[PDB]
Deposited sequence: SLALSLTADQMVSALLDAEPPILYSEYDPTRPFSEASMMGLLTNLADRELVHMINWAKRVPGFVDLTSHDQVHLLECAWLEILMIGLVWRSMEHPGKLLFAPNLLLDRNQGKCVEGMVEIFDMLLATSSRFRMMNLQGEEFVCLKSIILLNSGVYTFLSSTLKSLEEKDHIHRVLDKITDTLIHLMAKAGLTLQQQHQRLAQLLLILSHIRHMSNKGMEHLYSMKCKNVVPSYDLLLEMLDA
């Protein structure tokens, strides 16, 4: 796999080049816009995923399982990244900048906004860099579904092992970026841990988003398979 031969700088360059554009917005009127926005973002996400080194080496079925598991987390991490320089607010799009009080417009929707704002403030706290962000987003794509592959074929074992090797490459990339920026080794491993522990909170926000939502709108396995073909 070409992915495993990449240096840290080449991994970063690939991921930065794959970044989707920032899209614009075009009770049920709030969901209306958010749903229309997310629907358009999903098409770009599929095409971004195909450009994450290592992803297309997987079978189509495994590519869809990973996207099925990660898509809301990926949308949320993008939102939190967009929102860092707007404290107390969430920039869903350049023309859709929302404060806490506009969260309440939907029943259980403020709990999630508060958690999203706390994630943006954490990123701001830590001075998260764009090169670190793209690494974290690709970690979400590969990691979130890797522990729920249902098969036990030789192929499934080889797919899981490939995913973990690619994840190790991204870990190496994160450490290299920190080393280049002048962090000591102790600081390097401390910051890596801080960044990966935030992914647990992003999993949590995604899960709660789903729980509240369970308005047919969660992309199915078959939809993702069609979009990825």
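- Residues of the deposited sequence missing from the coordinate set occupy positions 27-34, 223-226, 242.
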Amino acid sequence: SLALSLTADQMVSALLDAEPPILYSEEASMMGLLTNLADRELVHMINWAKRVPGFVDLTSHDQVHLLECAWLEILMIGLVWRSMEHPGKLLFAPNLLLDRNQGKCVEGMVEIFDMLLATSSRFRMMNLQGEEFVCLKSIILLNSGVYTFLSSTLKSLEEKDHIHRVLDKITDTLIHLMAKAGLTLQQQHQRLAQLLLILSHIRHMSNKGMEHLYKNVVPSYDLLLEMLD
From here on, numbers count along this sequence of modelled residues.
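- In at least a third of the other compared PDB entries of this protein that cover both flanking sides, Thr153 is left without coordinates.
- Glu26, modelled here, also has coordinates in every other compared entry of this protein that models residues flanking it, well short of the third needed to call it frequently missing.
- For the pair 78-86 and 146-154, the mean B factor over Cα atoms is greater in 146-154.
- Averaged over CA atoms, B-factors in the entry run higher in 219-227 than in the other of 219-227 and 1-9.
- In this structure the maximum Cα B-factor among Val110, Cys135, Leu72, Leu128 is found at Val110.
- Each of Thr184, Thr171, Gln63, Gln190 has a CA temperature factor in the record; the biggest one is found at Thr184.
- Among all modelled residues in its chain, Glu26 ranks in the highest third by Cα B-factor.
- Ranked by C-alpha B-factor against the other modelled residues of its chain, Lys180 falls in the highest third.
- Among the modelled residues of the chain, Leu195 sits in the middle third by CA temperature factor in this PDB entry.
- Split the chain's modelled residues into thirds by C-alpha temperature factor. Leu33 is in the highest one.
- Residue-level temperature factors show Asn95 in the highest third of its chain, judged at the C-alpha atom.
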